[PDB]
Each structure stands twice: as structure tokens, then as C-alpha cells.
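Quick one, structure for this:
(chains A, B, C, D and E, ligands or ions: 9)
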Amino acid sequence: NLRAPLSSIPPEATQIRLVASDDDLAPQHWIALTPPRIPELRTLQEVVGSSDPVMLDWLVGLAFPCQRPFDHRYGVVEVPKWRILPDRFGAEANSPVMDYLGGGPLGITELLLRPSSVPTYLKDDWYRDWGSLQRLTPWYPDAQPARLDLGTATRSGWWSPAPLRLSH
Amino acid sequence: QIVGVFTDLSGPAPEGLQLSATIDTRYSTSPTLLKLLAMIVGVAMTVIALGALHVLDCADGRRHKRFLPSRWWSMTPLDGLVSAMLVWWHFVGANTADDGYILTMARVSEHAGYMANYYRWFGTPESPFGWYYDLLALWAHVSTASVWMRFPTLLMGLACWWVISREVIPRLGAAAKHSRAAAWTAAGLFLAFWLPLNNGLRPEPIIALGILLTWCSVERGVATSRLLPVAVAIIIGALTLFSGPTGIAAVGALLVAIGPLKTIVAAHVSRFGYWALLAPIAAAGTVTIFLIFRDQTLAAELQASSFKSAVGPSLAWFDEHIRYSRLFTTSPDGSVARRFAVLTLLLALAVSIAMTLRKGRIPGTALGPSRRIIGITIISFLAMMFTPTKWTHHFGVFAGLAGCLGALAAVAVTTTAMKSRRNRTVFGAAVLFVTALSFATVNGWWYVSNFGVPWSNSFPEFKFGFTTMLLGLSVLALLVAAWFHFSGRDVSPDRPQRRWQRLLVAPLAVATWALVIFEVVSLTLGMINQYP
Amino acid sequence: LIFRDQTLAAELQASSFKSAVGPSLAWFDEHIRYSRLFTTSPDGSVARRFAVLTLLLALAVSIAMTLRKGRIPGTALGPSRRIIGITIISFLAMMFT
Amino acid sequence: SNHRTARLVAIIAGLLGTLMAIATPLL
Amino acid sequence: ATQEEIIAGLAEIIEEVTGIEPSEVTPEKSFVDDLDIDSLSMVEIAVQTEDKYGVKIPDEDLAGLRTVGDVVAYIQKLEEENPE
Ligand SMILES: OC[C@H]1O[C@H](O[C@H]2[C@H](O)[C@@H](O)[C@H](O)O[C@@H]2CO)[C@H](O)[C@@H](O)[C@@H]1O
Ligand SMILES: OC[C@H]1O[C@H](O[C@H]2[C@H](O)[C@@H](O)[C@H](O)O[C@@H]2CO)[C@H](O)[C@@H](O)[C@@H]1O
Ligand SMILES: OC[C@H]1O[C@H](O[C@H]2[C@H](O)[C@@H](O)[C@H](O)O[C@@H]2CO)[C@H](O)[C@@H](O)[C@@H]1O
Ligand SMILES: OC[C@H]1O[C@H](O[C@H]2[C@H](O)[C@@H](O)[C@H](O)O[C@@H]2CO)[C@H](O)[C@@H](O)[C@@H]1O
Ligand SMILES: OC[C@H]1O[C@H](O[C@H]2[C@H](O)[C@@H](O)[C@H](O)O[C@@H]2CO)[C@H](O)[C@@H](O)[C@@H]1O
Ligand SMILES: OC[C@H]1O[C@H](OC[C@H]2O[C@H](O)[C@@H](O)[C@@H]2O)[C@@H](O)[C@@H]1O
Ligand SMILES: OC[C@H]1O[C@H](O)[C@@H](O)[C@@H]1O
Ligand SMILES: OC[C@H]1O[C@H](O)[C@@H](O)[C@@H]1O
Ligand SMILES: [Ca+2]
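Numbering: from 1, shown residues only, chains lettered A, B, ... in the order given. Ligands and ions are numbered 1, 2, ... in the order given. Provided below are the atomic coordinates:
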């Protein structure tokens, strides 16, 4: 989203022209565009809530203290509805903590949900990559939480059920 | 891999269709009546064993602890400025990169039924580590705010200055106790560590203060020939070890406790039998196995740890070069703040070793305490090599021992102790140089804590760059030092005891405070530049 | 011997330029030399690693000994100080490559 | 005699608190 | 047995337990005021003499031994037991 503020346009102006020159013949310099917009912005807190299970990256945590991460049941997890994440480079380099190889949630969500990016903006620091917000929608939405038939059974010290599987 | 059971077919379901997957229910356990019995009985049994050891010096004779219960607590101009920095940082300053991970881990901890590592290792637990995560989980119930959650960490920093200034420094010797520069360097280096490395939910603050408490308990139980304080130290050391993996620095404080334990046990043995004085300390050792294994079984923990190593990032004793190679990166791990802390503690340690070699110990120093502070620092630095991950934010373990070495280094470099002016000049040149080398990075903090801070991604420079100016001053000091080597200069004829001269003979306090200020100024000026 | 073929200009001009163009690392980039020594490569080979570390251990115990006693016991005062002196200076003078 | 009142409780509780802790994970 | 022997004996235990020079060990100076000796230091100095020399000062003799001179008076008055 190419951004600029309403304050940068005087009250004198009332009509707008989207001009965009280009002159590089090289194969990869190029431009794409959409019609202008004055976005109907509502702060993250009022949008996501603190009752909705979210996939808070290990990085974004003390920053989003209100929003609740998905609790984990009895081997099963609460399906996250949103994903708050650090800046481009911050996720590019720190997201592999949760990858399938590592056995993290980013590997469980990689199979269950489809990630749609919702556009986000920083308070007054318009041009700063604060991070990113994602809406997580299931592939089979007709499907709802499992029928967990769980029961009590005491087990010994040295006891091991099955081996822990290493990812590739 | 199961994320459920998906069918694009609908309508009535026929007989035959039966999917019966047994979920990996391990780690989701609660103690058996028998396991809870041996715990409550065994932990009370240890207090009963240690209560029996408490009466053994009271049986050998002597008046109750004369300085070890409570030293007269008060304020000082320095005590204010320390706590000013501590409290201001709590609001304006940068936090650790992991406090989010730990928070969200503790947040989901209760419903889970165990302390699972939420973001990795296929939900396997923290197994021996993160007992205070359970305590942070309880604390979240009140509120979840950087200011609330980091508040025990604020109190720890305060508790830390307290321990250094009132328990450590008075014990360190007459010159340590009497020198104000020794208290200024102690605060200066301690804050240079505490502020950038310990502002968060990581175990470093708990360990940094834990290593001081272990030391104090031995140090005070060695002077009183009482074995209970040596046993108390063991418990503090055992708890800090399993604080986080970075807990092994506590082995520094622990191994050093062996020497005085054989001294206390052999001098106060008074034909009591080895079994009578050692069984309660053997209980004091094992007493953390009640905490570590409070919810998880031996197999569970062992199997999980051997997996967590196999799967995730695990490194070797010989990989510790990485930790230092990271420290020299133009990055948030190689930040001016972080370079300076380590580099200066190494200089403090070096001048302390060097002095303890030339003279028997640091001139105005108490023999045993000083040697044991250098001891714990040497052992700690080596012990660190065994951590599975090599980050610089682990240097925050040294926060306690930094204060203690600040005191020692200052005392070792004073006019009275270090008698050669030329030698005091080269030492200064070294302090200028570690700072020259420290200003050869970015004043960068990591994550959201890097917002609009001065030189957050550049070399702090005014007109030529701090690194170049400091290196020039560092070479300038050497020429002055080289001039004294040929001129033959003493403490009295170089200049007549003025305030500017007074300051210059305490270069660590100058350099350390300079940086404490710079870091608080930088993160205030960060908030300032992020106006609305 | 140095300016036998080229002038002050020729040499001075080339040097500042080779510093701009090519790989030029400052005195503070000396950590890299050591960072490189612990790489799993021919630069950090069992041969290069051993050489440096053993020289450092030899020089460590020498400083250590000269600090405890006045000099290393059975040795001459001046010549022994001068060997150590050159080693320390050389390691630092190294940072300027 | 020779203050054996604490001497016996230190041995019997010191060995038991150790033994129980070593047993604790195996339970 | 002499004052110098007792003073030099306590002087080395004072520079071992505290950082206080042996020159500062004179009969005039009082530990808690003139020398600035801690309550813990005293216990260590006392437990070191109990190890090194086999002499113990139990019933708050440390409180009675204000100056270093007062200590000379104590251990000189012990030579009656003939342990040498
Ligand atoms: O890899 C980092 C994590 O490892 C820890 O477990 C250690 C464990 O301490 C040790 O016994 C075993 O030998 O190896 C692993 C090395 O990873 C925990 O898994 C985590 O808490 C550490 O961050
Ligand atoms: O590559 C050789 C092996 O390195 C490690 O071995 C270390 C171990 O990790 C270390 O923490 C411990 O003290 O013992 C050895 C000493 O090298 C790995 O354990 C092995 O997997 C490697 O094969
Ligand atoms: O190249 C941009 C950097 O320069 C500025 O440096 C300022 C400094 O922040 C401030 O204390 C004062 O105005 O002088 C220097 C320049 O002389 C920014 O502070 C840096 O953040 C910028 O990265
Ligand atoms: O030999 C190169 C000289 O330049 C260095 O300084 C660099 C460095 O990047 C930094 O101090 C400053 O901000 O910019 C300059 C120009 O790159 C050294 O300080 C010189 O002493 C070096 O020798
Ligand atoms: O880049 C490595 C090469 O640089 C040198 O160039 C020096 C120059 O000769 C020296 O006098 C000047 O002060 O700095 C530059 C490099 O910073 C050598 O010419 C090359 O042969 C070196 O290998
Ligand atoms: O026990 C501490 C807890 O925090 C760790 O997070 C580690 C992060 O630090 C580095 O900078 C990143 O690469 C890494 O994700 C967990 O490993 C651990 O359980
Ligand atoms: O070697 C004795 C030294 O003490 C002072 O440290 C030093 O200056 C003097 O040379
Ligand atoms: O001398 C080279 C100079 O280049 C930069 O101007 C300054 O940082 C450095 O001193
Ligand atoms: Ca184009």
C-alpha cells in the first residue's frame, strides 16, 4: 500500500490526479496501480479483541499484551483466527523458530488455515514497517472443534508411549 | 501430521467408518498421591535435616550472626541515581528480545496442564528450566503490561545494587569499603550490564542476582564457620542453575563454594562424623529435584531434552566462539551497549588477575572474598561455553559479578595500589580503547525497542565518529604513558591533587557512567523522537 | 628502494584508491581475523587454530610468570622482556592490516 | 553425650531427604 | 609471648580478613571506630586464631576487646596454661 497523509494535501485542493511516469526499459523495473482510497481505519485492539485466539509470533508479545494467544488443550491447539508478526526482515529471519522442521505452530497453521493479509498502518509513523496482520481462515470452514474422548490413566516413571518424530 | 479429519463428502455416515487416533497425551500429567507424598514429606524432611544442621554451630558455641542477618539499609546520592536509572529504564528503556516468547508461554501455561515450549519442539516442555515462568503465569493474572510483568525484574535490579553496595563491597576489603570510586565503578559497570541486557522476562536477572546470593551465603558462612549458610548457597545455586539453560554460569559460584565447604566442614568437624554434617547438605543439593520434576516424569524430561537437542538449534562447548563473533557484529547483538559491557568486564577481570599476580592479592583487598569473586567470574565465563545457543543477551548473567569486579578493578588501579603513573596511564589508554572498539557499531536495540533511537542503525558519530576520536585519545594516553616511562614520573609531581585529576584516576567509573547515561539518554531521545 | 620506479604521486594516489575500490577493513575489524579462525575451513584449520592458540597460551604463561616473579625465573631480564614486548606490539600492530 | 541429640536427626533426615528426591522422578 | 609477636600475629589476620595494613595494627586503635572493623570480620579473625593458633574467645570477649591493646592483655594472660 503506497502511503501519504491527508495533512500533506491543503484544504485548497478538492480534485486529485494519479500521475506515474516510468522510463526504464530494463526487464524488471516496472509499476502497477489501483484507484485512490481514504482507508476506513479502526485500531487493532477494537478489531482483533482479547477473547479471539491469535498466532502471536514469539517476537510480538510485550507489544500486543492485550490480544490472547491460542491456548493448548490436551495435545490439540485452539485454532488461531489472526496472526500478528514483526517487520519484513524480522519475520524473514525470526519466523523459522516456528517452522515445521522446528515443530512450531507456524507448521500446524501451514496446513489448516489460508493466510489473508489485512492492511495495517502505524499510528503517526506512517512510513515505518511496524509489522504485519493476517486473517487466518480454515480450508474446510464447515469443520468445527473435535470430539475429544479423553480419560484418566496413571503411568510409571521410566514410561514412554511412542518415540518423538523428528521433522525431516 | 494431523490437523483434523477432512472430507469433501457429505450426507449420512455408514457403519465401518471409524478413525481412532490416540493423541500424544504425554506431558499432560498431574502427580500421583505417592509422588506428592515423597515431595511434601521429602522437602519438609530437608528443612528437618537443615534445622538439625542450624543448631550445630549454636551447639559448638558463639553469638548469633553479627552482620549476615541485615546490614543498616539507607540511601546515598549514588543509591538514588542508580535507582533513578533502574526506574527510568523500566519505562523509557529497551526490553529483551524474548520477553514476548516467555510471556505467551506463561500465558497459556495454566490451561495446558504443563510448561510447554509453545513456539517449538512439537510442544515438548521446558522440562528442567523455567520454574519462574509458572510464577510469571500467576503474576499475569494481575495485569499483562511491560511495566507490570517486568516489575519483579525492576525489584531484582534494586535488590542487586543493594547486595553489591551493602553485602559485597564492604566484604571485599578496606580499600573497597572506603573508596568512593570503587562504589562508582561498581554502580557504573553493574548498570552498563543491567540496563541493556536484563530489562525483561528472560532468566538473566534471576541468575545475575542469584550468583551474588550464592557468593554472599558462602562468604558469610565461611566467616562464621556455620555450615547452614554454605547449604543455603547450594540451594540458591541449584535454583538459579535451572532458571534457564544460561543457568550454568551459577556453576561458577557453586564450584568456588567447594573450597570453603571442605574448610568449614573440616575445621568445625569437632569429631561429629562426616555423615552428620554432610547428609543435610546432600539433601540441600537434591532439594531442587522436587521442583524440577514437580509435574514431569524422569523419562518425559530426559526424552524431551534429547529430542529438543536433536530437532532444534543446539551448539557445542567449542562453538562458544560464535557468542563473541555475534558480539562484534554491526547489529543489535553487537550494539555499543553490549560490546562495552563485556569488553569492560574483561578489562576489569584482566587488571584484577594481573594485580593478584604482581602482589599477592589487590593491595587494599580482603584476601578470600576478592579471590572468590575473580574465581566465580573465571569459572562462570568458561561454564558459559556449554549453553546450546550462543547469544550476546546472555552476557546479562555477568550483571552481579560486574559490580563486584568494578569495585576491585577501581581499587587495583588507585594511586596507592597501582604505584606507577605510567602503568596507570596505560590502563587508562585500555579503557579509552575498549570504548573506541565499543563505538564501532550501531546504537541499536532490537525489535520495537529500536524506534527512533539515536544511531539505532549507524555508527555513533558527531563530526568524525566516536570510535576514531576515542582511538586517538587512546593513542594520546599512550604517548603520555610513554613519556612517563622515559621521564620517571610519580603520584605527587605530575599535578597537585585537583578534582579533574581525581576523576581521571577512576577511568572505569568515567567510561561506565558515560555509557549508562548515553544508553538512557538514547532511549529517552527515542520516545522524544516518536512524539505522538 | 621503495620509490625507485614510481613517484610520491603514483604511490600515494594508488594507495588511497586501492583503499576505496578493494576490500579495506579498519583497525576495529580485527575481530574478523579471529572470527575466521574458528570457521570450519582451511582458514580455521586444525593447523592454523593450534598455531595461534598455542602461541597465545605460551605468551599467556610468559606474561603470567613475569607478573608473579619479576621475569621468567632462569632467564635474562632484558632479552626475555623484549621478546614478549615485540609479541604484544605485533598482535596489536596487526589490527591495522 | 557430645551433643548427639541433633547428630542422629541430621543423619536420618539428611539421608531420607536425599533418597526421596532421587526417587521423586521415578515415581 | 611479647607484645610485638601478638600485634604482628593479629596484624596478618587483619590484612587477611580485612584489607587493613599491618602498620595500622597498633595498641591505641579501636577496631569498631579507629580501624572500621565489621561485626562479621571479628568472627572470622576469631575463627582464624582458633584454627591457626588453637585459641578460642567465646563468651562475647570480642565485645570486651575494644582496642588491639585489649587483645594483647587477653592472650598474654593465657600463657599460664603452658600449651607451648
Ligand atoms: O536448544 C536450546 C534448548 O535446549 C534445551 O535443552 C537442552 C538441554 O538443556 C540439554 O539437556 C540437552 O542436552 O540439549 C538441549 C539443547 O537445546 C531446551 O530444549 C531449551 O529450553 C533450550 O533453549
Ligand atoms: O561433532 C562432534 C560432536 O560434537 C558434540 O559433542 C559434544 C557435545 O555436544 C558437548 O556438549 C559435550 O560436552 O560433549 C561433546 C564434545 O565434543 C555432539 O554431542 C555430537 O553430536 C557431535 O557429533
Ligand atoms: O545519519 C543519520 C544519523 O544522524 C543523527 O545524528 C544526530 C544525533 O542524533 C543528534 O544527537 C545530534 O543532532 O547530532 C547527530 C548528528 O551530528 C541521528 O541521531 C541518527 O539517528 C541518524 O541515524
Ligand atoms: O583505514 C581506514 C580508516 O577509516 C576508519 O574510520 C572509518 C570508519 O568507518 C568509521 O570510523 C568512520 O565512521 O568512517 C571512517 C571512514 O570509513 C578509521 O577510524 C581509520 O583510523 C581507519 O584506518
Ligand atoms: O585491500 C588490501 C590491499 O590494500 C593495500 O592498499 C592499501 C594501501 O597500500 C595502504 O598504503 C593504504 O594506506 O590503504 C590501502 C588499503 O586500505 C595494498 O595495496 C594491497 O596490496 C593490499 O593487499
Ligand atoms: O528458555 C528461554 C526461551 O527463549 C528462547 O527464545 C530464543 C530466541 O532467541 C534468539 O535471539 C532467537 O533465535 C530465538 O528464537 C527459547 O528457545 C527458550 O525456550
Ligand atoms: O611493580 C610494582 C607496581 O605496583 C604498581 O602497580 C606498579 O606501578 C608498580 O610497578
Ligand atoms: O580518518 C579517516 C576518517 O574517515 C572518517 O572521516 C573518520 O571516521 C575517520 O577518521
Ligand atoms: Ca519499465
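
Where does chain E get nearest to ligand 7, residue-wise?
Of the residues in chain E, the one nearest ligand 7 is residue E:21, at a distance of 15.3 Å by C-beta to the nearest ligand atom. C-beta here means a position set from N, CA and C on the backbone, and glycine is covered the same way.

you'd agree residue B:193 is in a helix?
Yes - applying DSSP: H, G, I helix; E, B strand; the rest coil, one finds residue B:193 inside a helix.

Burial check on residue 7, number of neighbours?
Assuming you mean chain A. Using other C-beta atoms under 10 Å in any protein chain shown, residue A:7 has 7 neighbouring residues.

Let me rephrase: I mean chain E.
Applying other C-beta under 10 Å, we find 18 other residues in the vicinity of residue E:7.

Just after the helix or strand hosting residue B:401, pick out the following helix or strand.
Using DSSP states H and E, the element containing residue B:401 is helix B:399-412. For helix B:399-412, the succeeding helix or strand toward the C-terminus, using DSSP H and E, is helix B:421-438.

hmm, that following helix in reach of ligand 8?
No - for a cut-off given as C-beta under 6 Å from any ligand atom, helix B:421-438 has no contacts with ligand 8; the smallest distance is 11.5 Å.

relative to helix C:77-93, how tilted is that helix?
Comparing the axes of helix B:421-438 and helix C:77-93 via axes from the mean of the first three to the mean of the last three C-alpha atoms, to 10 degrees yields an angle of 20 degrees.

Which residue does the stretch 1-150 of chain B have closest to ligand 8?
In the stretch 1-150 of chain B, no residue comes nearer to ligand 8 than residue B:94, which is 26.3 Å away by C-beta to the nearest ligand atom.

Oops, could you answer that again for chain A instead?
Proximity of chain A to ligand 8 (C-beta to the nearest ligand atom) peaks at residue A:89, 26.9 Å away.

Please enumerate the helices of the chain.
I'll assume chain A. Secondary structure of chain A, counting by DSSP state H: helices at A:44-48, A:88-94, A:109-112.

that's the other chain; I wanted chain D
For chain D, applying DSSP H gives helices covering D:4-23.

What residue in it comes nearest to chain E?
Checking chain D residue by residue against chain E with C-beta to the nearest C-beta singles out residue D:3 as nearest, at 15.4 Å.

re the thing from before, reformat the helices of chain A as TSV; add distance to residue A:166 and mean neighbour count.
Listed next are the helices of chain A as TSV, based on distance: least, C-beta to C-beta, whole Å; neighbours: other C-beta atoms under 10 Å in any protein chain shown:
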stretch	distance to residue A:166	mean neighbour count
helix A:44-48	35	14
helix A:88-94	22	14
helix A:109-112	18	17
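
Serialize these to TSV and add fields for distance to residue D:11.
As requested, those are exported to TSV (distance: least, C-beta to C-beta, whole Å):
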stretch	distance to residue D:11
helix A:44-48	61
helix A:88-94	54
helix A:109-112	57
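
which stretch among those helices comes nearest residue A:129?
Between residue A:129 and the helices of chain A, the shortest gap by C-beta to C-beta is with helix A:88-94, which sits at 5.7 Å.

ok, the residue in chain D positioned nearest to ligand 3 - how many residues close by?
Relative to ligand 3, the nearest point of chain D is residue D:25 (53.1 Å; C-beta to the nearest ligand atom). By the criterion of other C-beta under 10 Å, residue D:25 has 20 neighbours.

I figured residue B:433 was touching residue B:474, is that so?
Yes - the pair residue B:433 / residue B:474 is scored as a contact, 4.4 Å apart, by C-beta atoms under 8 Å.

What count of nearby residues applies to residue 14?
All of this is about chain A. If we define neighbours as other C-beta under 10 Å, then residue A:14 has 7 of them.

you looked at the wrong chain, it should be chain D
27.

Likewise for the one 10 residues further on?
With neighbours defined by other C-beta under 10 Å, the count for residue D:24 comes to 24.

Likewise for residue B:345?
Neighbours of residue B:345 (other C-beta under 10 Å): 24.

name the element it belongs to?
helix B:336-358.

Can you name the next helix or strand after that helix?
Following helix B:336-358 in sequence order, the next helix or strand is helix B:367-383 (DSSP H and E).

which of the residues in that next one are buried?
When neighbours are counted by 16 or more other C-beta atoms under 10 Å in any protein chain shown, the buried residues of helix B:367-383 are found to be B:367-381, B:383.

what's the answer for stretch B:350-363, then?
For stretch B:350-363, a neighbour-count test (16+ other C-beta under 10 Å) marks B:351-356, B:358, B:361-363 as buried.

just curious, which of those is nearest to residue A:162?
Nearest to residue A:162 among the buried residues of stretch B:350-363: residue B:353, at 52.9 Å, using C-beta to C-beta.

What residues does that closest one make contact with?
The contact partners of residue B:353, taken as C-beta atoms under 8 Å, 6 or more residues apart in numbering or on different chains, are residue B:374.

same check, this time on the one 5 residues further on
Applying C-beta under 8 Å, 6+ apart, one finds that residue B:358 lies in contact with C:67-68.

switch to 7 Å and redo it
Residues near residue B:358 by C-beta atoms under 7 Å, 6 or more residues apart in numbering or on different chains: residue C:67.

Check the gap between it and chain D for me.
Taken as C-beta to the nearest C-beta, to the nearest Å, the spacing of residue B:358 relative to chain D amounts to 45 Å.
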